[PDB]
Structure formats: structure tokens, C-alpha cells
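Colleague: Can you look at this? It's an experimental structure, sequence on top.
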Amino acid sequence: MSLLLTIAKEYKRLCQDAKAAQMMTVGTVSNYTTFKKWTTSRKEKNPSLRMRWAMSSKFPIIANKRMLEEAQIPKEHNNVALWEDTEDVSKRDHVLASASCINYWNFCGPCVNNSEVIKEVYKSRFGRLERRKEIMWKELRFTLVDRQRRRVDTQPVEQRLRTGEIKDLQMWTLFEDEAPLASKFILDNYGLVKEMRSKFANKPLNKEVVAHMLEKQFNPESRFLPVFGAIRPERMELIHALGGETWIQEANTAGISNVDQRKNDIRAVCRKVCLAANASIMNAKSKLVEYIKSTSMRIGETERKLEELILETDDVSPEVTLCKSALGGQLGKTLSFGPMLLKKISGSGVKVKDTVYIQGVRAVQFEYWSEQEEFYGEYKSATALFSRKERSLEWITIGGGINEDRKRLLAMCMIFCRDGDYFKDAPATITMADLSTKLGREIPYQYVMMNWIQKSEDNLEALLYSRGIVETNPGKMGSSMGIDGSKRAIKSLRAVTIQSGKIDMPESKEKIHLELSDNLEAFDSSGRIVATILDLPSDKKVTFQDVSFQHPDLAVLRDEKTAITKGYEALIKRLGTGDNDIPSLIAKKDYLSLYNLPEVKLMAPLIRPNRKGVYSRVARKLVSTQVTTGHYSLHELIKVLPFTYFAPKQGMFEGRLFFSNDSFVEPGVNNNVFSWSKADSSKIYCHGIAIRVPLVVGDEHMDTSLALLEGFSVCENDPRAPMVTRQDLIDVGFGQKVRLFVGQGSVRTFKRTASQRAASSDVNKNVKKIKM
Amino acid sequence: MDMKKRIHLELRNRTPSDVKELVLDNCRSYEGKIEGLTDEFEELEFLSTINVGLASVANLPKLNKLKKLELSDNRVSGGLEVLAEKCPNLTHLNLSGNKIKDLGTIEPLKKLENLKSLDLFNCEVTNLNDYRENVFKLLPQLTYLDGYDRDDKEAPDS
Amino acid sequence: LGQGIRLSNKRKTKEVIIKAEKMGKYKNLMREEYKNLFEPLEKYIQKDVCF
């Protein structure tokens, strides 16, 4: 308004100068950032002394002037000085104010209607508070603690994201007029944005603070700390008040934040799909990728794509690793040999060949690495630090707390190093059948011996006996391990050391881009294997909740419900741009041409034939009623259209529309067959399966011009077309052009025509036509 | 969205003096307060405001030709005195889905001598004893209540 | 005499349980109401009962 005119006058005055003009004319807008640093640069060494000296004065702060005049803030109440007309050297528009002035405002001053929005701004810390309040403390005890050092997360966070996925989110919720082009993360996560937008809209707020708080709300604070007991963010956030080196304040904190359940579900799904793709013989790679992209799952309220969560988590499991490898997702340098965990500290080497005779004379190749290399190893409640040297386990130290876990870790380590005579001459018990190739897929002798151990405890005992045994020398009695896993004995194993106190887990902030084979075995720029499908449980049955396996092979429904779902899908795919589609017809109010679509003609056979006319009447009625005015709900037409194909008739409609399979849908209420919500207006739930509706038009429920972006696209710039805003963008015609401003210092030309095709397929298929 | 944009959109270049109907359902109004309404709307005879986070009806301007109103899905409570002065020619009213506790809040509606039908559903008042009868004895001019007259006579379509 | 009294710390995280025969051994810990109802009868007690 008048303020706008003042801004224009100021811009004019500033351009009248020469230097300001040169700088606002030369270069791009990014220079602003640079200019933001050359100004207001001043620091202090010990702000503490300076603060005390400074606050001692009688008007130590600065403050706005007009805000005080408007706030009718006087210069005294009962004789205490509150501010004095004057000018700071830096701001030039601020006045020196007293500490007493702040107190004055809070006690009696300018009241505001409401302030509960704060609870949303700092939601993380109110969550901390609530989690604390729901704890039941317990006694306090004194003792020594085995605190192991390791990298963990201290901030419980749902839907952990990246940074590039945030810099955009902070705009569509706060600064939409200055928003950039729509990124994929937005189009995919629409309901999330809508939620974050519903709260911080039409409110008096400082927005920079909100953005900072949102960054914290989406940042898992990763720290390298000493830890004891279970590992959960709910605890690490207050570990300081649970136990130290000499004391422990017992307390139960198991039933809060429901975090690890999501991770175990994810890993179960990963295992399932990995096995599924393994069922194949030549395309398990593409099969797995398809299973991935053909799947989704629910998190709290929202539905997220699997491949998106997989690239955000950090669960180092032999399942997640494979998936993240297929999708080209980089990851850390962490190994996996069966259930155990491993990490290399130093050393090097290279592959080498050797052979062993299974029964009598049966040569079988097995490989082993060359020079000395250190490794840390982590099994359940047990740690170890060992060294391998030319097909032998040189030394090892342990700091666990259990005998069974100790023995299992030791055995798996011995295997990992091919130490012993068994790798020189396998036992009679094993045979060529147990060797490999369940159905053709070979197996290295390593995992063979692995399962041979997991089969019987006596195999493990014999394997341990393969390691040298001697008499426990004096003094080393404490640092010795028997066959049962006892901290001391009269005779103990060879080259072993024990101790109380776990080993400090190493650390490295490194990333690597690995690959995998057609047999589901990943490689890392070397012949080393980081993961496989033999190091995971064999199989198990589970009933996954709030998941969407939208793939034929990964489906249990029959042809009837599947046909209904596919008919709905096809009917939705006509929700794009261009004439002959439902949006253009709605705009033209041609409610009749919808009845003659081909998709309804393909879904008609599924309708109950003895009452198809009556239902048809009702459906057409609703459609006209919604179309003639303009007050329609897109989630009801897509539901009732399949019935408008036949001819109306007479009869009593009793509230429900039945198909030929004794499954109905009701016009207005959500059911198992067709459900949706105003929260997530971009999804349709049919028989549990989810369907993503494109964003071409926005009906009464949808919000803020974020529901038209999938209908627009970029085109060659045309200076003839007009320039408009982001709100009038809805009044354009399908197929028209218009110029527009995007983000900052950028103008482009858009056209309301979509392009459903992506680049994956086009790149993937075209690359397959070149390897011939 | 927002009642302002909704209104400006419904007004497809039409003056706010020749319309006979308006609808603003599935919108939002800051502080549950009307925004964009004036006395300019004179020929308006119908209104529909549903699920807009409304809480009070103080701001609504003077509308005489109005003869039907809908305020369901909101959380209005207490302000029914404003309806008499602003809209004295009203006949049909609906409040199902709002915060209504006692009858003292309903008493002002007696002055709407032009009132014929009222709709109270899902409110606390309905959970009382002798509520239909006591209401009828309070508002005698009224004939229909939630779609049913005395003796439970179902009302016609329209 | 029925089941004996029970002790507890402030926060109630710990709780001793004692029989009747030994309440004469911790008469100092018990609250005044129980204390004024137990001493005059200690004479008639033998091990855990009242004559």
C-alpha cells in the first residue's frame, strides 16, 4: 500500500546514486549474500566482562522507536527512566532503552489475543518434556559401569530428511510467493506440506525463527558418546540423568516414541523383497527394483515411498545395504558376516586361491586375503578386536559379558579368517548336497561352515577345539578363556585375551559408492563382500500393517478386487490435461460426455446387473448436481462414475452401490473399498491399496495452488504471453501459455500441459539397446 | 482456503447487489470471525457457511431479504441475539454441529416471528429430558424441529 | 496377631516386610498411632501372639 509506494520512492532515491545503481545492476542477485557480510561486522573477546560493564549503565540496550510510540510506552510510571530520544551509530533508526523498559511491557503493556502457536514452533522440546513426564523413576544405586563409546542419535525425529529437502519445505509453508519450481519431494509429500502450512498460516510470527526451529525438528543430533544399556534416542537425550561412571538412577522408559518398530518393520520388508527377487535366476536385480518402486508404507498419518525412506535411514543391516546398493545409494564402510558386525581398522591385502577336500578327495576352491589386517567385531552384548594374517587368526581380545555370545563371536571370527584345519580338510559330516546350489546358486565354504555351526553346538565345540589349547600360565589366569567361555581356568585356548569392559567402537565419516552382482553379493572396489543374502535369517511369516504392495507377484487379492482397483486406476489416469479428459469437461460443464468414457465402459461388467439402472440414475444425478454449480468433490465422481454407463430406471435406492462380487461403495462415507481424507487429498485407498491422484485441478478441499503444479510445465519463452501471479494461475485454459516469476530473480514461461513420462524408463530402456 | 478469496471467486464480476444465494463451505475464517461481508448484499436470500472454524456471529452485517441460513460443523456458542437485529425476516435456521449447552442461549430466537424450521443435531441440548416439548413451549411460532413437527410429522422435500 | 507392619523409604522405591514378633524390635520406626497401641500390650506378648 502506501508502504509499497514508500518502498518504490526509496528504490528510486537509491538508484539516483551511481554506486548503488552499479551494484544493483551488475551481477546476479546472489551478490546480496556477499553484501550481507561486509556490513555489521563487530565481535568481542570476553562478552561476559563486556556484558557486565555494559548493563551497569542506565540505558544499556537499543530498541525501535516507532514501536514504542505506537505502543504508547511513556518515559516513566512512578519515577524510573524507560528510554530517551537518541540514535545508535549503526542502525540510525534505533534509540537507547533501559532494562526496566522490558519489565514494564510484560507486567502491563500491549496484550495479544493468543500465543499457543509456540507449542508448535518448539514441538521437539515440548515432546522432550512430555516424554519426561511419562517416566516412572526408580531407586538409585552405586557401582561401576561399562560405558562403551559409539556414534548414536540423541534427538527422536519422525520422517528424517536431508537438507535439500528442507530448504524447499521452509518456503512452501512460509514464503510461497517467493517459492521456486516444484521439486519432486513436494509433489510426493503433499499432505505433509499442507499440514505444516495449516498451522503457520494467517498468524503474526517471526518466520526466520520458525525456519530454524523446523531445521531442528528435522535434524537427528548425531554424537559420539559413552553409552550403557539399551540404545534409544528417548534415553540418549537425558542420559546425563540416568547413570555415570559410578552411579545409576534406574527408570523404565520402554513404552515411548515407538521408534525401533518402524526400523524392524522396514528391515522385515527389505528381507521379504530380497527373498522374492532371489526367487528369480536372471533378473533379480530389476525384479527387486520393481518391487521397491511398486511399494509404499505408512508412517503415522502419511504414506511414504519405500525407496525414499531407505535413502534416509542408517540401519547397517545386510538387507538395507542391498537395497541402498540397487538404488545407487552411497553408504558407510561397514561389513556384515552373518549376524555379527565388523569394521576394518587398518591393513590391506588381496584375494588368493586355495582348495579343500570335502570327503576323501573332492577339491573345492575357497579364497582368503594376504597381508595382516586389524578388525573390530560386534555380536550381541559382545565386542572383540582381532587380527588376521595369511589365512590365520593372529590375535584377538574380547570385552563382552556372556559366555555363549563370546564363543559364537570367536567362532564366526575364526571362520571370517579361514583359520584352522577344517578349511584345509573339511569334515566328513558335510557332503556335496550341503555344499551349495539349493537350485544352482553356489555357496562359498565360509557360509557352509556357518550354517554347519548354527546347526549343532557340537560342531561349534569341535571348531573351537581346532584352535590351539594349552595350560593357563600363571598370572594370565584372569586373561584366559576356556571352552565354555569362563574368564579363567587351568587350561585355556591359544592366543586369546579377555577383559571386563567393552571396546570403544571406531568412527569414520566416510562414504562409498558400491555395486552388486546378479547373485545379490555387493562389492566395494575390490573382491571383498560387504553383504549378501546368506547372512540373513532363512525365512519367516509376518503380517505387515499399513503397507501397499502394489505389484502382481507381491499381491494376495483375487482377480475381482484387483480388476476393480485397476479400473479405478485407469479411470484416474484420465485426470490429466487435454480435452477428452474430465477436467476440461467439468470446466465446460459437459457432464454427459463423462458417461460415454471407455473406462466406465470397461468397469461396467462388474456392476450388479439387476440394479445397474437405478444406481446409474443416482450417479448421474449427483454428477449433474456437482457439475452445474462448480461445488464438487473430486473424490466422489471418481467413485460413482462407473455406474453412469447404463440407462436410468425406477426403483428404491437403499444407500449402497454393489458390484458383482458383493462389495459395495457408499456415496459420502469412506469404507474398506474406497476411502480418503481431507488431510491427504492426494491419495485414494481401495482394498487397502493406495493410489496417487495427479495434481491438475483443485476442488473445495485442496489448498493454496499446490494442486495445479502437475498440470503445468515449462516451455520455450514467449514475451507475448502475459505475466500473472500464482493465484490467478487457476483461471488459465488447458494448453495455454503464460509468463511468470519464480523464486527470486528469475522469470520463465509455463504451459498448462503435463508430461506423465519420467526419465528412469527412458534412460534404462535406451541403455539396454546399446549393449547389443 | 480463505473466505475472502472464496467470495471474490464466487463473485464472477457480479455486483454484490444482484445475487440471491451464496455458499462458503469448506473455507477458513481467522479467529472464527466473518471476513468480507457487508450490507452491500441486499437481494441475497440464502446463505451456507459450514466447517469454516467459526466460533461467533457478531460481525455479520444487516441482511433483510435473507430467509435461510446454515452454520453447521462450526463451534458457535452464545451469540443468537445478533441474528434478531441483523436478519428479522429469517425462516429456516440450522446449527447442528455447534457448541450449545442450555436453553437460555436459544431464548432470543423467539423474537424471530418469521421462524418456521430449526435444526439441532449432535448438540448437548438434545441429551436433556423433555427437550422437544420444552423447546416447543419456548418457541411456539415454530413448527418443524430437526425435520419433524409435533407428532413426528416428517417434513416434505421443499 | 495378623500379618506384620511393612516399612518403606520416602520415594517408596524400597519396602521391608516384617512379622509381628519383631515389631517390638523396631517400635522406634513406627508412627505414633501404632506406637501408642503396642507398648502397653508388649507385656502380654510371648513370641508373636497376645495372651
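Modeller: That came in fine, so what should we check first? Numbering: from 1, shown residues only, chains lettered A, B, ... in the order given.
Colleague: which residues in the stretch 301-450 of chain A form strands?
Modeller: A:302-305, A:335-337, A:340-347, A:351-357, A:363-369, A:373-379, A:382-388, A:393-398 (DSSP state E, counting those that start in this stretch).
Colleague: List the buried residues of the longest one.
Modeller: Judged by neighbour count using 16 or more other CB atoms under 10 Å in any protein chain shown, the buried positions of strand A:340-347 are A:340, A:341, A:342, A:343, A:344. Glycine gets a C-beta too; all of them are placed from N, C-alpha and C.
Colleague: before we move on, what about stretch A:367-385?
Modeller: A:368-369, A:373-379, A:382-385.
Colleague: Could you export these as CSV, including distance to chain B?
Modeller: Shown next, in CSV, are the buried residues of stretch A:367-385 (distance: CB to the nearest CB, whole Å):
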residue, distance to chain B
A:368, 69
A:369, 66
A:373, 64
A:374, 63
A:375, 61
A:376, 57
A:377, 58
A:378, 53
A:379, 56
A:382, 58
A:383, 57
A:384, 61
A:385, 62
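Colleague: what about residue A:223, neighbour count?
Modeller: Per other CB atoms under 10 Å in any protein chain shown, the neighbour tally for residue A:223 reads 14.
Colleague: can you tell me the helix or strand for it?
Modeller: Taking DSSP states H and E as the criterion, the element that holds residue A:223 is strand A:222-227.
Colleague: Need the residues that contact that strand.
Modeller: Contacts with strand A:222-227, where a contact means CB atoms under 8 Å, 6 or more residues apart in numbering or on different chains, come from A:147, A:148, A:149, A:150, A:151, A:152, A:153, A:154, A:236, A:239, A:507.
Colleague: what about the helices in chain C?
Modeller: Counting by DSSP state H, the segments of chain C that form helices are C:32-35, C:39-42.
Colleague: List of residues touching the first one?
Modeller: What that stands for is helix C:32-35. Residues outside helix C:32-35 that contact it (CB under 8 Å, 6+ apart): C:5, C:27.
Colleague: Of all the residues in chain C, which one is nearest chain A?
Modeller: residue C:13 (3.9 Å; CB to the nearest CB).
Colleague: Can you say which helix or strand has the nearest residue to that residue once chain neighbours are set aside in it?
Modeller: Closest residue to residue C:13 apart from its sequence neighbours, by CB to CB, 6 or more residues apart in numbering or on different chains: residue A:139 at 3.9 Å. Using DSSP H and E, residue A:139 maps to strand A:136-142.
Colleague: Check which residues of that strand are buried.
Modeller: Under 16+ other CB under 10 Å, strand A:136-142 has no buried positions.
Colleague: Just list what that strand packs against, helices and strands only.
Modeller: On a contact count with 3 or more CB pairs under 8 Å, 6 or more residues apart in numbering or on different chains; DSSP states H and E, strand A:136-142 meets strand A:247-252.
Colleague: how big is the angle separating the strand it packs on from strand A:136-142?
Modeller: Per axes from the mean of the first three to the mean of the last three CA atoms, to 10 degrees, the angle that strand A:247-252 makes with strand A:136-142 is 160 degrees.
Colleague: closest one to residue A:121 among the strands of the stretch 301-450 of chain A?
Modeller: strand A:302-305 (20.8 Å; CB to CB).
Colleague: For that closest one, which helices and strands make contact with it?
Modeller: Packed against strand A:302-305, as judged by 3+ CB pairs under 8 Å, 6+ apart, are the following elements: strand A:296-299.
Colleague: how about 10 Å then?
Modeller: Applying 3 or more CB pairs under 10 Å, 6 or more residues apart in numbering or on different chains; DSSP states H and E, we find strand A:302-305 packed against helix A:184-188, helix A:190-199, strand A:296-299, strand A:547-548, strand A:683-686, strand A:689-692.
Colleague: Compare the ones you listed and report which one is nearest to chain C.
Modeller: Comparing these against chain C with CB to the nearest CB, the closest turns out to be strand A:296-299 (37.7 Å).
Colleague: quick one, what contacts the spatially most central residue of chain A?
Modeller: In chain A, the C-alpha nearest the mean C-alpha coordinate belongs to residue A:309, at 3.6 Å (CA atoms, centre = their mean). By CB atoms under 10 Å, 6 or more residues apart in numbering or on different chains, the residues touching residue A:309 are A:159, A:160, A:262, A:263, A:266, A:269, A:296, A:297, A:299.
Colleague: distance of the first one from residue A:674?
Modeller: Think residue A:159. 27 Å (CB to CB, to the nearest Å).
Colleague: which of these two has more neighbours?
Modeller: Remark: of residue A:159 and residue A:674, residue A:674 carries more neighbours, 24 against 16, as counted by other CB under 10 Å.
Colleague: Would you mind measuring from residue A:675 to chain C?
Modeller: 49 Å (CB to the nearest CB, to the nearest Å).
Colleague: so which of the helices and strands packed on strand A:302-305 comes closest to chain B?
Modeller: helix A:190-199 (8.8 Å).
Colleague: Help me see whether the closest one makes contact with chain B, please.
Modeller: Yes: counting by CB under 10 Å from any CB of the partner chain, chain B has neighbours in helix A:190-199: residue A:198.
Colleague: What is that helix packed up against?
Modeller: helix A:118-121, helix A:169-172, helix A:184-188, helix A:207-217, strand A:302-305.
Colleague: one more time with 7 Å
Modeller: Here helix A:190-199 touches helix A:169-172, going by 3 or more CB pairs under 7 Å, 6 or more residues apart in numbering or on different chains; DSSP states H and E.
Colleague: Could I get the buried residue list for the helix it packs on?
Modeller: For helix A:169-172, a neighbour-count test (16+ other CB under 10 Å) marks A:169, A:170, A:171, A:172 as buried.
Colleague: Give the burial count for residue 1, as a bare number.
Modeller: Answering for chain A, as no chain was given. Neighbour tally, residue A:1, other CB under 10 Å: 5.
Colleague: looking at chain C here, not the other one
Modeller: Neighbours of residue C:1 (other CB under 10 Å): 13.
Colleague: what does residue A:695 give?
Modeller: Residue A:695 - counted by other CB under 10 Å - has 22 other residues nearby.
Colleague: likewise residue A:180?
Modeller: For residue A:180, using other CB under 10 Å, the count is 14.
Colleague: How about residue B:146?
Modeller: By other CB under 10 Å, the residues close to residue B:146 number 14.
Colleague: quick one: it and residue B:122 touch, right?
Modeller: No: using CB atoms under 7 Å, residue B:146 makes no contact with residue B:122, being 10.2 Å away.
Colleague: Point me to the residue of chain C nearest chain B.
Modeller: Closest point on chain C to chain B, by CB to the nearest CB, is residue C:12, at 42.2 Å.
Colleague: With the stretch 601-750 of chain A instead?
Modeller: residue A:700 (4.3 Å).
Colleague: tell me the contacts of that residue?
Modeller: Residues near residue A:700 by CB atoms under 7 Å, 6 or more residues apart in numbering or on different chains: A:631, A:633, B:26.
Colleague: wait, what's in contact with the second one?
Modeller: So that's residue A:633. Residue A:633 neighbours (CB under 7 Å, 6+ apart): A:699, A:700, A:701.
Colleague: Show me which of the contacts of residue A:309 are buried.
Modeller: For the contacts of residue A:309, buried by 16+ other CB under 10 Å: A:159, A:266, A:269, A:296, A:297.
Colleague: Next, the residue nearest to residue A:747 when sequence neighbours are not counted: phi, psi?
Modeller: Among residues not flanking residue A:747 along the chain, residue A:741 sits closest, at 5.2 Å (CB to CB, 6+ apart). The phi and psi torsions at residue A:741 (degrees, to the nearest 10) take the values phi -100, psi 140.
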